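Chains as they are written, first to last, in PDB author numbering: chain A, 638 to 784; chain B, 442 to 447, 451 to 490; chain C, 3 to 64, 75 to 146; chain D, 40 to 142.
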Amino acid sequence: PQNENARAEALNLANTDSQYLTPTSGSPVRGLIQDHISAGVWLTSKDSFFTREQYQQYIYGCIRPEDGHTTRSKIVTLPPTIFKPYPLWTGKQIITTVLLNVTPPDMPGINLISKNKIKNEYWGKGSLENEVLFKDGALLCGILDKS
Amino acid sequence: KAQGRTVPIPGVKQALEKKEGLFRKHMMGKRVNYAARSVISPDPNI
Amino acid sequence: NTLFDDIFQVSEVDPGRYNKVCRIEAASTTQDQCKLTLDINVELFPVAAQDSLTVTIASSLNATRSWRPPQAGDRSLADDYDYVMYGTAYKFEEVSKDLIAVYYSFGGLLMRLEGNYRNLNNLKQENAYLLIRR
Amino acid sequence: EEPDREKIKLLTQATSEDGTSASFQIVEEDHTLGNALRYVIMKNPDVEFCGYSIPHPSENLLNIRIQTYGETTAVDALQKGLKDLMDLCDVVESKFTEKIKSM
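Here it is, written out as structure tokens:
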């Protein structure tokens, strides 16, 4: 489009971000499709642990303050889930850190109790890994699926 | 509405209704300037 | 300061299709009604069946801005125990009369302590350190 | 003599007011220097946060973020990282020459 009125329209009305939900049923038509879904089930798994070097790399790898991805002008990082013997970060903590740097600082963290496509039986005895739990913008239970 | 000549030449009614019509092919829809076409390729880095 | 301290006897160590984590089922040696269900990184701190673990819940280590990697001459409460985890309390459940069960999460690594007297000390705090000995 | 100004660039849109946090952008570089440089910068006891990110494969860019604690700027942490990587390579080159003779 060759004028500012047509620009404003393509940036605020017909733009992609304003088309997350279809008007047919009010359901989402935007999301990740294949590798990302399989990657998430592995990354958010209990068995997935990360060192300070690994953890910080995964953060800056997807969040770049120079590209305006941050909301705090400094990459904030959570303390490790394992202090002694070796300092280690869980996979779920990367998901907590990504939200902590992309959601506004003025607003409180997200609170959601959702479910997974993968049943608890697959993750062994007494696991609650089907229950997706977000308390004050922190992934505390459950893996992340296509769901 | 004219007699058969030994496909006839189209009239002005035929010009407005050639296929879909002048209204559908050149008013409701139009070929545009400042536009491009290409095969799409996937990209997770954008 | 400390919020909870007890010595537990391990009854189960289940991997559950995990190569590094294990679900520990324990019972207190002092209190009869007390029970424990905790996920630990068995790769770093291995736990075997019929073992004595000194599980301790603390608020901090004897106002902090952020976590820093260890640097020469630093003293902590963690220096007394072998395996230390940092997590949050997300659920407070009551089981029949007098008995109360707390739910903790150390980044997916869940813990469920069942007791009665700890209702005052154990509170839903976004900061709770879990320290284990032996 | 003229020094090249297009290689290393300080992204002022991300630099801390003063002076610890900054994002640097290097042209004609990728994982090769990137992962090696962030590894060496992370060994610094003053570096709080460090990582590397390639914006896109088609564009010849390399981004490296250095967030430090006090008494050291991100520029100093980068300069130390480059100075240490050079010395690290000298160690590799020295040990390899010695073992060639040792054969």
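Ideal Cβ positions, reconstructed from N, Cα and C, are used throughout, including at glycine.
Residue 77 of chain D sits in a helix when the DSSP states are folded into three classes. For residue 115 of chain C, the uninterrupted beta strand (DSSP E) segment begins and ends at 112-118. Assigned with DSSP and collapsed to three states, residue 4 of chain C falls in strand. Residue 648 of chain A has a beta carbon lying at 9 Å or more from every beta carbon in chain C. Taking the beta carbon of residue 106 of chain D as reference, the chain A residues within 7 Å of it are 711 and 712, listed in sequence order. DSSP places residue 735 of chain A in the helix class (H, G or I) of the three-state scheme. By the CB criterion at 9 Å, residue 41 of chain C and residue 23 of chain C fall inside the cutoff. Ranked by Cα distance from residue 715 of chain A, the options A/650, A/775, A/647 and A/751 are led by A/775.
With fewer than 16 other beta carbons inside 10 angstroms of its own, residue 474 of chain B counts as exposed. Under the DSSP assignment, residue 128 of chain D falls in the alpha helix (DSSP H) whose first and last residues are 113-141. Contact annotation: residue 19 of chain C and residue 761 of chain A have beta-carbon atoms nearer than 9 Å. Here the alpha carbons of residue 59 of chain C and residue 45 of chain C stand approximately 22 Å from one another.
For residue 106 of chain C, the nearest beta carbon of chain A is not closer than 9 Å to its own beta carbon. For residue 490 of chain B, the nearest beta carbon of chain D is closer than 9 Å to its own beta carbon. Beta-bridge pairing by DSSP links residue 98 of chain C to C/141.
Within chain C, no residue has its CB atom less than 8 Å from the CB of residue 677 of chain A, the nearest being about 13 Å off. When C-beta distances to chain C are compared with 9 Å, the residues of the stretch 708-739 of chain A below that value are 713, 714, 715, 716, 717, 718, 719, 720, 721, 722, 723, 724, 725, 726, 727, 728, 729, 730 and 733, in chain order.
Within the stretch 70-101 of chain D, the residues whose Cβ lies closer than 9 Å to some Cβ of chain B are 93, 94, 95, 96 and 97, listed in chain order.
Residues of chain A whose Cβ lies closer than 7 Å to the Cβ of residue 124 of chain D do not exist; the shortest such Cβ separation is about 16 Å.
The alpha carbon of residue 86 of chain C has as its nearest neighbour, out of C/95, C/77 and C/63, the alpha carbon of C/63. A contact between stretches requires three or more CB pairs, one per stretch, nearer than 8 Å, and the stretch 729-738 of chain A fails this requirement with the stretch 90-98 of chain D. With fewer than 16 neighbouring CB atoms inside 10 Å of its own CB, residue 657 of chain A falls in the exposed class. In terms of CA proximity to residue 480 of chain B, A/638 leads the group A/756, A/749 and A/638. When DSSP states are grouped into helix, strand and coil, residue 20 of chain C belongs to the coil group. With respect to the 9 Å criterion, residue 131 of chain D and residue 107 of chain D are not classified as neighbours on the basis of their beta carbons. With respect to the 9 Å criterion, residue 118 of chain C and residue 142 of chain C are classified as neighbours on the basis of their beta carbons.
Taking C-beta atoms as the reference points, residue 55 of chain C and residue 112 of chain C fail to come closer than 9 Å. Residues of chain C with a Cβ closer than 8 Å to the Cβ of residue 662 of chain A do not exist; the shortest Cβ-Cβ separation is about 33 Å. A direct Cα-to-Cα measurement between residue 447 of chain B and residue 456 of chain B gives close to 21 Å. With respect to the C-alpha of residue 5 of chain C, the residue from C/138, C/144 and C/130 having the closest C-alpha is C/130. Residue environment for residue 125 of chain D: exposed (fewer than 16 other C-beta atoms within 10 angstroms of its C-beta). 690, 693, 694, 696, 697, 698, 701, 702 and 703: these are the residues of the stretch 670-703 of chain A whose beta carbon lies less than 7 Å from some beta carbon of chain D, given in chain order. For residue 52 of chain C, no pairing in a beta bridge is given by DSSP.
The three-state reading of DSSP puts residue 698 of chain A in helix, counting H, G and I together.
Using a Cβ-Cβ cut-off of 9 Å, residue 751 of chain A does not count as an interface residue toward chain C, since no Cβ of chain C sits closer than that to its own. With a threshold of 16 other beta carbon atoms within 10 Å, residue 769 of chain A meets it and is buried.
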